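Working notes, beginning with the structure itself.
Rule-based calculations on the coordinates, nothing more; no lab input. So basically every Cβ, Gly included, is an ideal-geometry build from the backbone, and we count neighbours across all protein chains shown.
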Amino acid sequence: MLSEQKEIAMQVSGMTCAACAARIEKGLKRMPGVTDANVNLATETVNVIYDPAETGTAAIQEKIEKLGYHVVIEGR
């Protein structure tokens, strides 16, 4: 309505399968502006839905670093 949210999808560095990366994104599921977080280690990739009024890659990387991993942004 007012805001317009979006999905993003990108690769992570440091995952070790076995519900590890899930913790990374579950951390982001606690960021103010996220909607959902969905991990795809079948492609060493994760997707996360957020509102770019509060939230996106800017805040996300910051937290991801503290989760103890580095995320990439595929291009741009």
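Within segment 40-52, how many residues are among the hydrophobic types (A, V, I, L, M, F, W, C) and more than 19 Å from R76 (Cα to Cα)?
2
Scan segment 41-71 residue by residue and report those that are exposed (fewer than 13 other Cβ atoms within 10 Å of the Cβ) and closer than 15 Å to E7 by Cα.
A53, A58
How many residues does segment 19-54 contain that are without any contact (Cβ under 8 Å) to a residue 24 or more places away in the chain, farther than 21 Å from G68 by Cβ and under 10 Å from the mean Cα position of the chain (by Cα)?
So the answer is 1.
Considering only segment 2-39, state which residues are closer than 17 Å to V72 by Cα, surrounded by 13 or more Cβ atoms within 10 Å (Cβ to Cβ) and among the polar types (S, T, N, Q).
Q11, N38
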